[PDB]
Amino acid sequence: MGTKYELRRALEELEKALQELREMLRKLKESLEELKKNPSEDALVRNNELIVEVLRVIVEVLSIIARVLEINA
Amino acid sequence: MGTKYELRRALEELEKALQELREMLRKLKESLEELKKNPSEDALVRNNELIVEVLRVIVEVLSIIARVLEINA
Amino acid sequence: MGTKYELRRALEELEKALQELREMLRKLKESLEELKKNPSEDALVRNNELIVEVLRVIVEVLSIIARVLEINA
């Protein structure tokens, strides 16, 4: 397998995650606007839930970036 | 135009976005401390709003990072 | 010192921050689930607090990534 493979797999996953993240962002915006219109505790809690969802994937992405940077140098 | 240009433009935008993000972070901290002092539903909603704002820009930054990594390899 | 040192220090800090971020994520998940079980304004405020905590470190990480990319080119 080796290095080029690693790279290619990593960048592949990178773009996949970004599209997930642009998707999740779409939902946040939707939620946020419902929020702004109709504030509510329970609505705050579904919103924070999506936020954490987003954070998880960002961290994943950063983990992948670090690996690419480590491999290339 | 080509490759070096692309790179230079990308890194330029990268740093611009970071300063935006350090700026937005300043506002979050301010908001957060008002929050911690004076909890409130509506204050929670302005806070979550800034959070999403921050997330949008992070995703943008990551999109730019991916592109740089893709170009250099 | 110079370039290789810079790189090595940067990647070192990168991984340190990621482990911090995976740690903070663990706490968010814990908090989030308490939230989902027991919604509350004050619980929302401790949650948003961890969120901002996470954001700070992400921004830091991105600052480090940018620097690596700038150095390597």
# chains A, B, ... in the order shown; residues from 1 in each chain; ligands from 1
$ closest_atom_pairs --of "chain C" --to "chain B" --cutoff "9 Å" --atoms "only C-alpha atoms" --output "Markdown table"
| residue | atom | partner | partner_atom | distance |
| --- | --- | --- | --- | --- |
| C:41 | CA | B:41 | CA | 7.0 |
| C:42 | CA | B:39 | CA | 7.1 |
| C:44 | CA | B:44 | CA | 7.9 |
| C:45 | CA | B:36 | CA | 7.0 |
| C:46 | CA | B:36 | CA | 8.5 |
| C:48 | CA | B:48 | CA | 7.9 |
| C:49 | CA | B:32 | CA | 7.0 |
| C:51 | CA | B:51 | CA | 8.3 |
| C:52 | CA | B:28 | CA | 7.3 |
| C:55 | CA | B:25 | CA | 8.0 |
| C:56 | CA | B:25 | CA | 7.2 |
| C:58 | CA | B:58 | CA | 8.4 |
| C:59 | CA | B:21 | CA | 7.1 |
| C:62 | CA | B:18 | CA | 7.8 |
| C:63 | CA | B:18 | CA | 7.1 |
| C:65 | CA | B:65 | CA | 8.1 |
| C:66 | CA | B:14 | CA | 7.0 |
| C:69 | CA | B:68 | CA | 7.8 |
| C:70 | CA | B:11 | CA | 7.1 |
| C:73 | CA | B:72 | CA | 7.3 |
$ atom_distance --atom1 "CA of residue 5 (chain A)" --atom2 "CA of residue 67 (chain A)"
12.9 Å
